[PDB]
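Below are the structure tokens for one structure; questions will follow.
Protein chains get the first letters and strands the later ones, always in sequence-line order, with residue 1 at the start of each. Order of appearance sets the numbers: ligands from 1, and atoms from 1 within every ligand.
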Amino acid sequence: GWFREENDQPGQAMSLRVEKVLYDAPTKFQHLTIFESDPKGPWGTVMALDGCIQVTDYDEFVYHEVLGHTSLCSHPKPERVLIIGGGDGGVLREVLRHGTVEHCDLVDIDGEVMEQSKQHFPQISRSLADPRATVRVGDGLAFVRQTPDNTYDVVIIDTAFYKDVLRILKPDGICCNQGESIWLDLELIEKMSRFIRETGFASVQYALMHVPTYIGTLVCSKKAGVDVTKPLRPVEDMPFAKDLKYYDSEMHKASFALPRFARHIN
Amino acid sequence: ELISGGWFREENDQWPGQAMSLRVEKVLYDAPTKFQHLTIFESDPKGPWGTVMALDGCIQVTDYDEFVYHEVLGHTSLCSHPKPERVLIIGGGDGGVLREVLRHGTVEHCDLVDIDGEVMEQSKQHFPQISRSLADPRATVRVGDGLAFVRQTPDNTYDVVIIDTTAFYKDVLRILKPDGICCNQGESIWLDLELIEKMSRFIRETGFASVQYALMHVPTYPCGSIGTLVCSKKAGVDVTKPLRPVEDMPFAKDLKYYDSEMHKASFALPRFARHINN
Ligand SMILES: C[S@@H](CCCN)C[C@H]1O[C@@H](n2cnc3c(N)ncnc32)[C@H](O)[C@@H]1O
Ligand SMILES: C[S@@H](CCCN)C[C@H]1O[C@@H](n2cnc3c(N)ncnc32)[C@H](O)[C@@H]1O
Ligand SMILES: COc1ccc(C2=NC[C@@H](C)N2)c(O)c1
Ligand SMILES: COc1ccc(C2=NC[C@@H](C)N2)c(O)c1
């Protein structure tokens, strides 16, 4: 058998050989597929949601180190962190390396994702049981609505709402979401960036990522003048810097340099 | 083999258990050549790709993305050179690199050698926007093996050598002038990290003073990432910061990918790979 991935945005398909199907069922919220890919390939275990791959053993370090560290290294002293989505635990694992982090909340709508990540991606999900984390099953929209002003230093969106994200951040707050591809959806990113800036964020900057197959991130600061393109707390000064396989300060700087057709985003 | 409405399947033997497929709208060419199997087709009009070129079942050019790897190859090499007057391109029968090279006012002549005359022929036909450079009076376009060509070239002929391909490295160093920049199509840091390190190491060894690997951001590559080894003949040259920034040259604003920030960014590698560049 072969898992086939397709996008409405057509005439193209990416196919992965299925070694063993590990989970395949709808959930309260979406279709969840987990499979062991060809042992001769690099991919390891693969997770898709509604047919779109979200996690592979092989590349997960990329998007988890970028979202975790681009945001937290852009913050003067991130103590309280919210993660919306992230039920696999990867961003949480990266967030929790930082010795400044006192507490992280994680809210994912789908408790089956977390359950299934516990069983099939222990390399990613081990962080869910960290004492500095509180993991909640529920809607992030509903969650941010019922959250006090000035609760978090950083909100990470790993999937009215953006007013509430702005509201729940402290004055020096960093918001970081999963952006669309500049190839696939330049139009969406332009719109998101304007949207976010208008709802109140002072600077919005798009960071690009290098994935083995195809993504990036919007990094949003509440206070202006702050150049998020240069690390405010370089990871190189921190004890875990050599533990990371993708992210460092040079990659952080490089990530905001956009091909010319997309530059006007930043 | 290929039919209209059928699917083009791209597989890679270094990466088993995956395939990237494209829906074929119109088969344009599908025959063996003297050297390779050339396959050209119009892809799904509702997709972004347009016309697609494959050699031995490996896609080499699409209308959508060609600007990336041609701008990266053309300008990273030429903006690292004080005065690129005479330019060699090995491979590149489609003319894409050549079109970028010739944007530069300092170029007097560019030689181009591609082993397969059918590639150039079929690029003139089905990718006019890439191959229009093949008719430029400042270009001499030749059918031949690049191995024999550089073997037969005098010492200190070229300011820049660009290897754009699907003992020889001794020759490239030899035929470059003292200020020479060599540039090649590099393998993926994902697929073949080791090849790049062995390659970078033997290039330096054969006698190039510095070697730096640049990364590109492509819309799709089912084999990881495509890169470029940018190599300096003279010592004390830093290819990672543009020697002649494109922002000063009248055609900068015509480029869709490359600029100085992209140039600098391209040499920042993922931590797992950074030892390649230091
Ligand atoms: C698996 S994670 C994939 C990203 C790479 N780590 C994506 C998660 O976002 C969750 N998600 C989607 N919408 C929401 C909302 N509205 N709230 C919380 N979590 C959400 C969804 O259940 C996935 O687990
Ligand atoms: C099409 S180009 C790759 C597309 C990026 N412009 C790859 C070309 O290299 C040629 N090639 C391969 N081997 C050689 C040799 N030995 N010499 C010259 N050209 C070569 C081959 O015919 C393609 O046209
Ligand atoms: C080679 O097949 C693959 C492999 C990985 C992904 C993937 N990893 C994260 C997310 C962006 N997509 C994919 O979509 C297809
Ligand atoms: C949509 O599927 C695609 C699209 C593009 C490529 C490609 N562009 C440059 C060359 C190296 N490969 C591909 O292989 C498959």
Side-chain angles (χ1 to χ4, degrees), chain A residues 11-14 27-30 32 47-50 52-55 60 63-64 67 83-92 106-114 116-117 121 124 136-144 157-159 161 178 214-215, chain B residues 8 10 12 20-23 33 35-36 38 43-44 47-49 52-56 58-62 64-66 68-70 73 89-98 112-120 122-123 130 142-150 163-166 168 185 188 216 218-223 225-226:
Chain A
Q12 89 179 210
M14 176 61 77
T27 226
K28 204 91 82 196
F29 303 96
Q30 60 212 323
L32 176 64
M47 185 191 298
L49 292 162
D50 296 323
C52 297
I53 289 147
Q54 306 279 316
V55 173
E60 63 84 7
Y63 38 95
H64 301 143
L67 291 169
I83 302 162
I84 283 151
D88 55 86
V91 180
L92 180 56
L106 189 145
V107 197
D108 197 301
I109 203 163
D110 192 347
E112 197 59 53
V113 176
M114 317 173 233
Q116 284 316 306
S117 315
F121 297 92
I124 311 179
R136 319 278 197 177
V137 179
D139 188 3
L141 171 85
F143 189 95
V144 300
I157 303 165
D158 183 23
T159 60
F161 176 70
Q178 279 270 288
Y214 10 42
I215 228 107
Chain B
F8 183 96
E10 181 176 44
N12 196 307
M20 183 69 214
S21 286
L22 271 163
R23 199 195 240 107
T33 232
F35 303 92
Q36 68 208 320
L38 172 78
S43 73
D44 195 324
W49 303 97
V52 170
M53 205 187 84
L55 299 168
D56 289 358
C58 288
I59 291 154
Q60 309 284 303
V61 179
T62 76
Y64 178 51
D65 70 349
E66 62 83 16
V68 173
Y69 36 88
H70 297 149
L73 290 193
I89 294 157
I90 295 139
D94 53 77
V97 176
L98 180 61
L112 190 138
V113 198
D114 196 299
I115 205 177
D116 201 312
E118 203 65 54
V119 179
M120 321 191 315
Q122 296 315 303
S123 309
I130 309 168
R142 305 234 317 175
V143 181
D145 172 32
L147 235 72
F149 186 90
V150 303
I163 302 141
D164 188 23
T165 58
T166 60
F168 163 74
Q185 193 170 177
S188 179
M216 277 168 270
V218 208
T220 310
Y221 187 47
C223 330
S225 60
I226 204 86

Quick check for students: name every N or O atom pair between ligand 4 and the protein closer than 3.5 Å, with distances.
{"residue": "ligand 4", "atom": "8 (N)", "partner": "B:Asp65", "partner atom": "OD2", "Å": "2.8"}
{"residue": "ligand 4", "atom": "14 (O)", "partner": "B:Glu10", "partner atom": "OE1", "Å": "2.4"}
{"residue": "ligand 4", "atom": "14 (O)", "partner": "B:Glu10", "partner atom": "OE2", "Å": "3.3"}

Exercise for the section: Answer yes or no: is there a side-chain heavy-atom contact under 4.5 Å between B:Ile115 and B:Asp145? Expected result: yes
Problem - Shortest non-hydrogen contact between A:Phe161 and A:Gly140, atoms and distance - result: CE1-O, 3.9 Å
Exercise for the section: Kindly write out the residues that satisfy side chain to side chain donor-acceptor pair (under 3.5 Å) with B:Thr62, not counting sequence neighbours, or none if the list is empty. Expected result: B:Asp65
Exercise for the section: Could you pull out the closest heavy-atom pair between B:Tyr69 and B:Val61, with the gap in Å? Expected result: OH-CA, 3.4 Å
Exercise for the section: Indicate whether any N or O donor in one side chain lies under 3.5 Å from an N or O acceptor in the other, for A:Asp88 and A:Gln54. Expected result: no
Exercise for the section: Using a 4.5 Å cut-off on heavy atoms from C-beta on, say whether the side chain of B:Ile226 contacts that of B:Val68. Expected result: no
Exercise for the section: Check side-chain contact (heavy atoms from CB on, under 4.5 Å) between A:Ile215 and all other residues, then give those that pass, not counting sequence neighbours. Expected result: A:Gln178, A:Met209, A:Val211
Problem - Side-chain heavy atoms of B:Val119 within contact of B:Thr33, under 4.5 Å - result: no
Exercise for the section: At a heavy-atom distance under 4.0 Å, which protein residues reach ligand 2? Sort them by chain and number, would you? Expected result: B:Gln36, B:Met53, B:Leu55, B:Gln60, B:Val61, B:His70, B:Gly91, B:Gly92, B:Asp94, B:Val113, B:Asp114, B:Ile115, B:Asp116, B:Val119, B:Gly144, B:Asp145, B:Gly146, B:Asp164, B:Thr165, B:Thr166
Completion exercise
Interatomic distance, CD@A:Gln12 vs CD@B:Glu10, rounded to 0.5 Å, equals 11.5 Å
